[PDB]
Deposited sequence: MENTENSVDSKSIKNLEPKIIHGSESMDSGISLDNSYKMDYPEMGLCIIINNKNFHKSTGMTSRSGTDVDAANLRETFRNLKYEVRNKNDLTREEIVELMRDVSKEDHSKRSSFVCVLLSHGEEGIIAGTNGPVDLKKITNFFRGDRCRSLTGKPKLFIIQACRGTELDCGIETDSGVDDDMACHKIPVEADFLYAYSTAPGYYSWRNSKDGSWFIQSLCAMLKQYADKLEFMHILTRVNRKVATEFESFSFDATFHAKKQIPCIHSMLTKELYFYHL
């Protein structure tokens, strides 16, 4: 049989996998967190976008921190053996390292730890994609006008391997959401997936998302502090192979 290459994740399992969308719009009054108008536009766009990519989409709305953790724990304990990948989309308030439940914060590390290579064995070696529309702090971007000694006795991979975090914004910064159009990042992501999922590798899709958000959006505010600001998303990749949503 002829020469073979394995530079790309196997995406021809019987199922593409789950796409879990956590959509937090309304927060408990005592937290003081504002309602996230426009986030339903994001949630609906994502559901359709990932449906067209043949993911089994599950939308969940207004989850407490406790419900978020139990959902992730339960999903991580499912049998993913027949699934190619896993996708989780988080739409909420946040700050660096944190996503907001409706009643308080969740450590992002706590959520993603359930899917570690050693803790979710049916996803070991498979891409685990976390897409996050949330603030990462309160900075604002003003913009600028333009052979080998050892083979070891057991081949292991790192437990943190094969994760990708597609963050809406740079570390330390606010992320922007339009109350009628949806968030800059999610609207751009869906548009680029729609246009390019059948012909570009995922990192190159996300790079187009970066360009779109960076060049086509700028905030408008009556408040000088928040007016005329810019955003650049951040791709955090610990993937070990190229990721194509198509196969054969």
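Residues 1-28, 175-176 of the deposited sequence have no C-alpha coordinates in the model.
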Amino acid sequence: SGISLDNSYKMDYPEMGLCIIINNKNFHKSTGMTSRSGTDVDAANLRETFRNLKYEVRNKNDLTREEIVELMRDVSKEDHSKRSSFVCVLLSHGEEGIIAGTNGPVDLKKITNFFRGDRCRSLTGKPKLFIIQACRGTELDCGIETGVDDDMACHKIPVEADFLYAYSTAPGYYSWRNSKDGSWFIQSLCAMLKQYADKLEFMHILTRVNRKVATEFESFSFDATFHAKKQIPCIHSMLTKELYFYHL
From here on, numbers count along this sequence of modelled residues.
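Of the two stretches examined, 153-161 and 171-179, the record assigns the greater average C-alpha temperature factor to 153-161. Between the stretches 71-79 and 85-93, it is 71-79 that shows the larger average CA temperature factor. The entry assigns its greatest Cα B factor, within the set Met33, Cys190, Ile205, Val213, to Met33. Of the candidates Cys135, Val106, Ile144, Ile131, the one whose C-alpha carries the top B factor in the deposited record is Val106. When the CA B factors of the chain's modelled residues are split into thirds, the value for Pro14 lands in the highest one. Among the modelled residues of its chain, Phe217 has a C-alpha B-factor that falls in the lowest third, as given in the PDB entry.
Ranked by C-alpha B-factor against the other modelled residues of its chain, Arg116 falls in the middle third.
Among all modelled residues in its chain, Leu63 ranks in the highest third by Cα B-factor.
When all modelled residues of the chain are sorted by CA temperature factor, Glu48 is found within the middle third.
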